[PDB]
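Working notes, beginning with the structure itself.
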Amino acid sequence: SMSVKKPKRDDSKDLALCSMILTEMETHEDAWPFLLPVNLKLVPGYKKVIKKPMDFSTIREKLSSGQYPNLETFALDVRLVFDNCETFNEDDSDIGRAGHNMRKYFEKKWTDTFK
C-alpha cells in the first residue's frame, strides 16, 4: 500500500530473456502455423471467430517496440496464439498438434527461466 512495498524483484533482464524465449519458439520446427498472421482474406471463418488474432511475428514487433509493459503481458500474447489455435483447429490435425507441442515447449522455458 502507500509507502509499504514488497522487495524489488530484478526485472532488468526480462526483455532480453523474453526475446530469447521468442527466438527459440520461432526456430522450433513446429512453429510454422504461428510465424505470421493468419490470412483473413484466405481463411474462411477466422476473422469472425477469432476475436484477437496473434502470431509470433506480431509478438516480435510488439516486443521490439516497447509495447509489452511487463513479462506477464508478453506471456498472455504467447498463450493467446495457442488458445486461438485450439479454438480453430481439431486436436488431431497437424496444426492442432503443433499448437499443443508449442504450448508445452513455451511453458517449460517460461518456468525454467522465471519461476
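Following the order of the C-alpha cells, chains are lettered A, B, ..., residues in each are numbered from 1, and ligands are numbered from 1.
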
Who sits within 8 Å of stretch 79-89 of chain A, only C-alpha atoms, same chain under 4 positions skipped, as an MDAnalysis selection string
chainID A and resid 34 46 50 52:56 75 93 95:96 99:100 102:103

May I have the residues within 10 Å of stretch 10-15 of chain A as a list in words, using only C-alpha atoms and disregarding those fewer than 5 positions away in the same chain?
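What passes the distance filter is residues 20, 63, 64, 66, 68, 69, 70, 71, 74, 113 and 114 of chain A.
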
Let's have the selection written as an mmCIF file, in the first residue's frame, with C-alpha atoms.
data_model
loop_
_atom_site.group_PDB
_atom_site.id
_atom_site.type_symbol
_atom_site.label_atom_id
_atom_site.label_comp_id
_atom_site.auth_asym_id
_atom_site.auth_seq_id
_atom_site.Cartn_x
_atom_site.Cartn_y
_atom_site.Cartn_z
ATOM 1 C CA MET A 20 15.476 -15.381 -26.219
ATOM 2 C CA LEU A 63 8.468 -6.773 -28.057
ATOM 3 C CA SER A 64 10.949 -4.805 -30.159
ATOM 4 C CA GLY A 66 8.139 -1.423 -26.153
ATOM 5 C CA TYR A 68 4.816 -5.043 -23.508
ATOM 6 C CA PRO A 69 4.682 -3.265 -20.174
ATOM 7 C CA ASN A 70 5.843 -6.375 -18.289
ATOM 8 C CA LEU A 71 6.673 -10.080 -18.760
ATOM 9 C CA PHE A 74 4.168 -10.984 -23.079
ATOM 10 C CA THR A 113 13.565 -19.014 -16.907
ATOM 11 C CA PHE A 114 11.389 -17.125 -14.380
#

Residue set, stretch 57-109 of chain A restricted to helix (DSSP H, G or I), as number ranges by chain:
A: 57-64, 71-88, 94-109

Using only C-alpha atoms, pick whichever of A:91, A:18, A:42, A:29 has the shortest atom-to-atom distance to residue A:59.
A:18

Of the candidates A:43, A:72, A:35, A:92, which shows the shortest atom-to-atom distance to residue A:58, using only C-alpha atoms?
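Of A:43, A:72, A:35, A:92, the one nearest residue A:58, counting only C-alpha atoms, is A:35.
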
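Distance annotation: of A:25, A:115, A:90, A:57, the residue with the minimal separation from residue A:37 is A:57; atom set is only C-alpha atoms.
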
State, in Å with one decimal place, the distance from atom CA of residue A:17 to atom CA of residue A:109.
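Atom CA of residue A:17 sits 10.1 Å away from atom CA of residue A:109.
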